[PDB]
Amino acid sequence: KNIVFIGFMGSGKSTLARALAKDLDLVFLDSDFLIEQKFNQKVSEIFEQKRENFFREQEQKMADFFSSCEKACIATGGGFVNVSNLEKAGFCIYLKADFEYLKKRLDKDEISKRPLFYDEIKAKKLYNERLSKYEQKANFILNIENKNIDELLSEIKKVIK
């Protein structure tokens, strides 16, 4: 029984999962951080060297891991939604916002994943391809626009009861 946060870059998944973990006194896991720790390399470096498929295989390894662990609050990378058995990882919360809202911000934990000023054209295309997956795999969809962390935690806590 874990709480899993999914969504695109800029959606504040790590920040929110960490706050909920501290608030509920649960373990905070971040798939990207666990991959970085395992290889002693930043996500950007892993992608730059081993390429796409290798990273996705490692995300699937984390998804398998999340499918059997318990009592965790888990943050996942933008492309994690593509793993094969995401529903087994726990109650999935999709942190949702429009592309224009997400593109103007970044979370501190995302600095190591890609360039600060990523290609917007390519990112929008990727965003549009992933919406259906985020929507379909979510157990709860939470629009995050113009909401502070306290507001988000309150909504989630309410949904959890």
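Numbering starts at 1 and runs along the sequence shown.
Of the two segments, 9-17 and 146-154, the one listed with the higher mean B-factor is 146-154 (C-alpha atoms only). Comparing 71-79 with 84-92, the stretch with the higher mean C-alpha B-factor in the PDB entry is 84-92. Out of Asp30, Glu120, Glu36, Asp98, it is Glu120 whose C-alpha atom has the highest B-factor in the PDB entry. The PDB entry gives the largest Cα B-factor of the residues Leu106, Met62, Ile46, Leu131 to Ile46. In the deposited entry, the Cα temperature factor of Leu102 places it in the lowest third of its chain's modelled residues.
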